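A.B. asks: First the structure, which I've put down as structure tokens, then a few questions once you've had a look.
Nothing in this text is a laboratory measurement; each read-out follows from the coordinates by a stated rule. No Cβ is skipped: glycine too gets one built from the backbone with ideal geometry, and neighbour counts run over all protein chains shown.
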Amino acid sequence: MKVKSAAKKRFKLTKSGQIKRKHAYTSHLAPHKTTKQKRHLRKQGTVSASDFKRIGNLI
Amino acid sequence: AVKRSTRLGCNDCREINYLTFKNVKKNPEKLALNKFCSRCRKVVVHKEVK
RNA sequence: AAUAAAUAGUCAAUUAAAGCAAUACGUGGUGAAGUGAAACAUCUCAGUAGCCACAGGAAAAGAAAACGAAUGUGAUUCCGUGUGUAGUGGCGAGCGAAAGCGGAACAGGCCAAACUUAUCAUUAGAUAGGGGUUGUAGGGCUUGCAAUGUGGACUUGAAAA
RNA sequence: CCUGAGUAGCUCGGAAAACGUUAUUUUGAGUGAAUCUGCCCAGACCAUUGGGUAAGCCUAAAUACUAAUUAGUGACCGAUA
RNA sequence: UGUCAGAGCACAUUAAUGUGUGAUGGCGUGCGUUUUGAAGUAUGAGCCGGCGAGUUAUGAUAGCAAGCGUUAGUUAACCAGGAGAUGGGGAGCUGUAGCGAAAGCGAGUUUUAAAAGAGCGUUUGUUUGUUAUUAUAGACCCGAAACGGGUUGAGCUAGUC
RNA sequence: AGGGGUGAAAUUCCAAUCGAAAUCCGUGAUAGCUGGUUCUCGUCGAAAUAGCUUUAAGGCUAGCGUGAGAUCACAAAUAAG
RNA sequence: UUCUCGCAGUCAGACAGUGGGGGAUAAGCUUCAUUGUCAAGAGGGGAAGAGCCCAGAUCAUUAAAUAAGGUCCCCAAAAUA
RNA sequence: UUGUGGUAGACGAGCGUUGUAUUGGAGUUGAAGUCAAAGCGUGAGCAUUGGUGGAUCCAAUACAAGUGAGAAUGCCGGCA
RNA sequence: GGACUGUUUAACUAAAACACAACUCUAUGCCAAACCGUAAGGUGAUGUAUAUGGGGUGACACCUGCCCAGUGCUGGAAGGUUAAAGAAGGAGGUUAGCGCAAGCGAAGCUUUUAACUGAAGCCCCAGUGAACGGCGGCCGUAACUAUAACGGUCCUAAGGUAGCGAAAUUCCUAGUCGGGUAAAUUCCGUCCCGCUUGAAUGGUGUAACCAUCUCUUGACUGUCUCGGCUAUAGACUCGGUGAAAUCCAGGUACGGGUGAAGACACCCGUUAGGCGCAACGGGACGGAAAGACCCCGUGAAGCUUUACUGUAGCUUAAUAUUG
RNA sequence: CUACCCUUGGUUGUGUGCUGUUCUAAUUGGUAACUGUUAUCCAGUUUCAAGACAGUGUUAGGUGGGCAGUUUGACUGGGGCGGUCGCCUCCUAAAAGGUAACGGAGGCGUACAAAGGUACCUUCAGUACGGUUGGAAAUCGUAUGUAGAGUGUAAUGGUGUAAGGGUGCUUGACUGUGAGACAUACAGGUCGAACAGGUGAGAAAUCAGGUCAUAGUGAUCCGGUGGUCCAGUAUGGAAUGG
Ligand SMILES: [Mg+2]
Ligand SMILES: [Mg+2]
Ligand SMILES: [Mg+2]
Ligand SMILES: [Mg+2]
Ligand SMILES: [Mg+2]
Ligand SMILES: [Mg+2]
Ligand SMILES: [Mg+2]
Ligand SMILES: [Mg+2]
Ligand SMILES: [Mg+2]
Ligand SMILES: [Mg+2]
Ligand SMILES: [Mg+2]
Ligand SMILES: [Mg+2]
Ligand SMILES: [Mg+2]
Ligand SMILES: [Mg+2]
Ligand SMILES: [Mg+2]
Ligand SMILES: [Mg+2]
Ligand SMILES: [Mg+2]
Ligand SMILES: [Mg+2]
Ligand SMILES: [Mg+2]
Ligand SMILES: [Mg+2]
Ligand SMILES: [Mg+2]
Ligand SMILES: [Mg+2]
Ligand SMILES: [Mg+2]
Ligand SMILES: [Mg+2]
Ligand SMILES: [Mg+2]
Ligand SMILES: [Mg+2]
Ligand SMILES: [Mg+2]
Ligand SMILES: [Mg+2]
Ligand SMILES: [Mg+2]
Ligand SMILES: [Mg+2]
Ligand SMILES: [Mg+2]
Ligand SMILES: [Mg+2]
Ligand SMILES: [Mg+2]
Ligand SMILES: [Mg+2]
Ligand SMILES: [Mg+2]
Ligand SMILES: [Mg+2]
Ligand SMILES: [Mg+2]
Ligand SMILES: [Mg+2]
Ligand SMILES: [Mg+2]
Ligand SMILES: [Mg+2]
Ligand SMILES: [Mg+2]
Ligand SMILES: [Mg+2]
Ligand SMILES: [Mg+2]
Ligand SMILES: [Mg+2]
Ligand SMILES: [Mg+2]
Ligand SMILES: [Mg+2]
Ligand SMILES: [Mg+2]
Ligand SMILES: [Mg+2]
Ligand SMILES: [Mg+2]
Ligand SMILES: [Mg+2]
Ligand SMILES: [Mg+2]
Ligand SMILES: [Mg+2]
Ligand SMILES: [Mg+2]
Ligand SMILES: [Mg+2]
Ligand SMILES: [Mg+2]
Ligand SMILES: [Mg+2]
Ligand SMILES: [Mg+2]
Ligand SMILES: [Mg+2]
Ligand SMILES: [Mg+2]
Ligand SMILES: [Mg+2]
Ligand SMILES: [Mg+2]
Ligand SMILES: [Mg+2]
Ligand SMILES: [Mg+2]
Ligand SMILES: [Mg+2]
Ligand SMILES: [Mg+2]
Ligand SMILES: [Mg+2]
Ligand SMILES: [Mg+2]
Ligand SMILES: [Mg+2]
Ligand SMILES: [Mg+2]
Ligand SMILES: [Mg+2]
Ligand SMILES: [Mg+2]
Ligand SMILES: [Mg+2]
Ligand SMILES: [Mg+2]
Ligand SMILES: [Mg+2]
Ligand SMILES: [Mg+2]
Ligand SMILES: [Mg+2]
Ligand SMILES: [Mg+2]
Ligand SMILES: [Mg+2]
Ligand SMILES: [Mg+2]
Ligand SMILES: [Mg+2]
Ligand SMILES: [Mg+2]
Ligand SMILES: [Mg+2]
Ligand SMILES: [Mg+2]
Ligand SMILES: [Mg+2]
Ligand SMILES: [Mg+2]
Ligand SMILES: [Mg+2]
Ligand SMILES: [Mg+2]
Ligand SMILES: [Mg+2]
Ligand SMILES: [Mg+2]
Ligand SMILES: [Mg+2]
Ligand SMILES: [Mg+2]
Ligand SMILES: [Mg+2]
Ligand SMILES: [Mg+2]
Ligand SMILES: [Mg+2]
Ligand SMILES: [Mg+2]
Ligand SMILES: [Mg+2]
Ligand SMILES: [Mg+2]
Ligand SMILES: [Mg+2]
Ligand SMILES: [Zn+2]
């Protein structure tokens, strides 16, 4: 099996197996979002349980 | 969509630190507000930047 | 022969080539499409199938104008790992090494040019020999010492297993 | 004194390499160098440092395969196999 | 078109409230498929016998079990050995320290002027055997109209000579 | 002589076949579509819903099932206030 | 019926009562909310009926009491006023 | 004591076929096959006897599968 | 309707379709245009504008009207825009060097940009219809009514001319009228608001011809009123050989109802001794063909175009052969 | 008088191409002749005709269904046609929330340097009466009136000492964050206490992380711009990235 080249470059793993990710809606069209929204989307997050199983076998 | 947004940049480090809205048709004069600057860590004049 | 010479052409003698197959391996030229991307054109399929040419008992490759970042390795080939890593991708489907390390085997040789010899209406810029084969540069020019060996990818024979 | 020239480079279209063309390799068209204080390379490029000697040739072994000859084997088949 | 009761008839056994037939009474619209719903005026099979569809190779995850264990665990290629178990082979792979895009720091680290706050960490291993699922391969079996590449056909027929 | 031929032209004819022969090969093409998938017993036992989908006969996640483990009460059910 | 992990199937539903939308207070119509059954559930009543009523089949018994429903005959079971 | 309708599906426990490895055993005084019968099991299934048959087969514990046919307008053979 | 004789879908369409003699347009000066191939080579043609290729129409007779706006084709002065390529220069990277730093900075190479030159084509200007094609409305108006010769106005490139017309064309429409008949959605002639006829995708006539279409009529007849008879070969019976599709197992009634909504099989009734033979087709949603119609599939194939992306060919320029 | 820099013209002179001639030796010929050769091809030698043209190779424009590979959506009381596809408000929606139909009505893809923030002051529309232009209705005074007024907007909800109107000062329409919740398949969305920095209003308490609230919006990839305490393929830069 080959690791998907798109699964990597977008999902980093951690010590306990959580898959770190970046928030979307942070590429353009900045004036259409509030500074609260922008500063909340700047921080990183983890995949939800609904996607953890699908990303585990993808990596 | 229409583009009524404008950028406000500091006048000491010449850094752009704010994104606001402006009506070019109604308001003809450039904005000259005074806002907080992350670099200078103080309040300083921010002017409209193209 | 045209056309004087000379070539084209014609004839004779000698030596090789033709072809086949092993439903298999090698090299080179040419080279798709079904399919996947849940459509499709970049892409994939795939340099695969097929077509053709040349072999050989294997073929191909091969002795650094190299790897590559070090007080480093020192032809080519094949196996494991490095790793599904660095990367490359309408960054989509996908594709995917080169170093290094551990192993199988191990082998390095030879021409051109200089310089020189002999001969060609010697206009040689040509033929046949000696000299040379490189990188911590080599060789030639002139002048000496030490050498008669060790080893080959090497010919004929004889003997033995 | 000699050390491989329409050659290495460069431009225009392609390709090989994992790479969808790009440092390295190759070429259809055009142009075109230098000679150990020389030339090429270390992913655009320049300088320092270092590595290597292109444009000539040959090369056993480990590697790939079994139509065939001899011996033999099979938790392979036993006439719809 | 059978089943539960049931006379009469004829026999005698894997000795068993026995076996063969069944006047008569009660009840009773097949089997698979696909559908909300099939006795089906939907579908598939005339009958019998044989054959006929979840595999293999390489990896990932999880359950169960065994070996070895806290500076652990385990070898791949290859060599010897019976086409062996195995011995040599520690190249490597997983775990042992994490955080950050990265230089970097380190039981801390990223963000930030911040040590405040927040995110991630401040521990529970490895190699095999078996089972389940999954990825690449044709991947449970059968079925297209098609597409591309090569060859064979003008003895029928159409044209021309 | 077949992404070709021939056609006083009809999509005619090209070996009882022609909107583009016959045969072999890529090939076991692909099919979200039909059909089929073979021994037994025991425990438990659904859904036909929401969102997205060039999606509507398909797919992913959530909802409902099953196996293992944890949570004993503060968790979840049945009645009264 | 909450939390974690492994494996799913399901995305065509149907009817009856109740409250509505579309239709015409038509449809065994179509689209919702809710209570039930069928789907995936036999038995008894409805003469015959997937969805209505009574209920939930472990096997055997030629035992007894009952639910819906019924007691002239078919067909088990009644009499008084 | 509470239970035991059941499709898709999940989980658990078993039967049967062929062969191999270890043990033991039967067989021309008759093995497999094959037919019949009034047997034993909760189920796959398992025996006993007799006829035919003429040379291999059985039991236990493990292991490996081309391992289970009623349907595919399924293929082949035979017969209605 | 086609001029004709002919040709055509082997195996459902022989015709009004194709072809044909004839007309016209266009290209072609010969190594001709066109065509097969990749090229050689070849057809055209051992021909030479009275010749060859292609488009359209289809004897013969009379005619073929208007529009060059759009598209196509041909030609054109200059002018504007435009590729490759060449090219004056410009901007950076590096560092010899200058400078306390900072910074500046020669040549060499190297990255990139570039005025300007640069054909055809396009924009633009004319011609071209037997080239692709197109060729209108509204309002008022004459001394009975009716209608409008006539006048006004909008738009277009120009608004359909002749001829023919309820047509193989007419929706309304079985249009009105006349003829044919006792009676005529068909037929013949005529009328014209021709929704939407019309002049080389030709218009209108036309003698002869047609296994063409359509209507009336004489003779003629079993086409019919209306059915009947005869003879053979079958069918039927006997002797011999001996299939076929179909088929879950069958011992296979009718009426009303029910049910997946049209029952041999279910519920309630009625009828019916067992089994053949000859008949005829009501049913078994009878048999044969995994519906050709409809829909679905991110199915296939053929064809079309100013759908997209490409490409053979044709044409223009730079460069090499190239003075 | 001696020098440098602009507009324009002539001159001997070189450097480039641009159209225009002439020439032949490259090259071409399906002109003719001879020879190989008993030979229509081919080759050689001429002759004639062209001629640096043409043809051919490479590069680059134009035309090009002649040819090829594909695309040409979904919902739908069957399809085609018509209509719609995202977000917001009300009803259907059955007094928590949620709930469909090609059911019934409407809007949005913004606006405001003030319509934001703060401090202070202040409170309808309409109607009645009285008054030049002036009129049914402009403005003034008094009274009445409990929202029919305003709150930028489509509706709903809210709000009459408010969230409506006016004035003064300002830019919090801040920086780094963020415990805890709402709603959700995911992706995303919504509210937010509180902390640190530095500000605005106000005497202070306090308020200010855009508006009375709900529509005013688009993921990823790719490339561009500004800043930068990161990388810079031997080293120093640069290129190129983060
Ligand atoms: Mg393809
Ligand atoms: Mg595809
Ligand atoms: Mg697909
Ligand atoms: Mg060799
Ligand atoms: Mg180079
Ligand atoms: Mg490649
Ligand atoms: Mg050197
Ligand atoms: Mg470098
Ligand atoms: Mg050299
Ligand atoms: Mg055989
Ligand atoms: Mg046989
Ligand atoms: Mg009975
Ligand atoms: Mg019955
Ligand atoms: Mg079955
Ligand atoms: Mg059905
Ligand atoms: Mg149905
Ligand atoms: Mg029936
Ligand atoms: Mg049917
Ligand atoms: Mg079917
Ligand atoms: Mg059948
Ligand atoms: Mg069978
Ligand atoms: Mg395991
Ligand atoms: Mg070992
Ligand atoms: Mg912390
Ligand atoms: Mg362990
Ligand atoms: Mg013939
Ligand atoms: Mg094709
Ligand atoms: Mg046709
Ligand atoms: Mg035929
Ligand atoms: Mg198949
Ligand atoms: Mg498909
Ligand atoms: Mg149960
Ligand atoms: Mg349900
Ligand atoms: Mg529901
Ligand atoms: Mg589907
Ligand atoms: Mg699910
Ligand atoms: Mg429903
Ligand atoms: Mg529904
Ligand atoms: Mg209802
Ligand atoms: Mg209603
Ligand atoms: Mg209703
Ligand atoms: Mg219904
Ligand atoms: Mg079902
Ligand atoms: Mg029932
Ligand atoms: Mg009943
Ligand atoms: Mg029970
Ligand atoms: Mg009782
Ligand atoms: Mg009772
Ligand atoms: Mg009784
Ligand atoms: Mg059960
Ligand atoms: Mg056995
Ligand atoms: Mg026996
Ligand atoms: Mg089998
Ligand atoms: Mg005719
Ligand atoms: Mg004729
Ligand atoms: Mg015919
Ligand atoms: Mg005929
Ligand atoms: Mg030619
Ligand atoms: Mg000729
Ligand atoms: Mg004609
Ligand atoms: Mg005509
Ligand atoms: Mg005309
Ligand atoms: Mg004109
Ligand atoms: Mg022109
Ligand atoms: Mg007229
Ligand atoms: Mg007339
Ligand atoms: Mg007529
Ligand atoms: Mg009449
Ligand atoms: Mg008629
Ligand atoms: Mg008439
Ligand atoms: Mg016409
Ligand atoms: Mg015409
Ligand atoms: Mg006429
Ligand atoms: Mg005829
Ligand atoms: Mg007879
Ligand atoms: Mg007979
Ligand atoms: Mg009924
Ligand atoms: Mg069908
Ligand atoms: Mg398609
Ligand atoms: Mg396709
Ligand atoms: Mg040219
Ligand atoms: Mg010739
Ligand atoms: Mg030329
Ligand atoms: Mg071109
Ligand atoms: Mg095109
Ligand atoms: Mg096409
Ligand atoms: Mg394709
Ligand atoms: Mg549709
Ligand atoms: Mg419809
Ligand atoms: Mg309908
Ligand atoms: Mg539409
Ligand atoms: Mg509510
Ligand atoms: Mg409610
Ligand atoms: Mg409002
Ligand atoms: Mg204010
Ligand atoms: Mg306000
Ligand atoms: Mg892109
Ligand atoms: Mg560097
Ligand atoms: Zn600043």
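A.B. asks: Do you know which residues across region A:3-59 are of a type in the set (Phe, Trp, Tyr) and assigned to a loop (DSSP other than H, G, I, E, B)?
C.D. replies: Matches in region A:3-59: A:11, A:25.
A.B. asks: Considering only residues that are charged (D, E, K, R) and either farther than 20 Å from residue A:33 by Cα or within 16 Å of RNA strand C (Cβ to nearest atom) (or both), which ones fall in region B:1-34?
C.D. replies: Step one: of region B:1-34, the residues charged (D, E, K, R) are B:3-4, B:7, B:12, B:14-15, B:22, B:25-26, B:29-30.
Result: B:12, B:14, B:15, B:25, B:26, B:29, B:30.
A.B. asks: Okay, next question. So, residue B:26, is that one over 19 Å from residue A:28 (Cα atoms) and under 13 Å from the mean Cα position of the chain (by Cα) or not?
C.D. replies: Values: over 19 Å from residue A:28 (Cα atoms): yes; under 13 Å from the mean Cα position of the chain (by Cα): no.
No.
A.B. asks: Of all the residues that make up region A:36-59, how many are under 21 Å from residue A:4 (Cα atoms) and out of contact with any helix residue (DSSP H, G or I) (no Cβ under 7 Å at 6 or more places or on another chain)?
C.D. replies: 14
A.B. asks: With A:38, A:22 as the choices, which residue is more than 23 Å from residue B:7 (Cα to Cα), of a type in the set (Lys, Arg) and either touching a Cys at 6+ places or on another chain (Cβ under 9 Å) or free of Cβ contacts under 8 Å to residues at least 60 places away in the same chain (or both)?
C.D. replies: Just a single option satisfies the conditions, and that option is A:22.
A.B. asks: Still on this structure, I have one more. Out of everything in region A:28-59 that is within 13 Å of RNA strand G (Cβ to nearest atom) and polar (S, T, N, Q), what residue ends up being farthest from the chain's Cα centre (by Cα)?
C.D. replies: Among those that are within 13 Å of RNA strand G (Cβ to nearest atom) and polar (S, T, N, Q), it is A:57.
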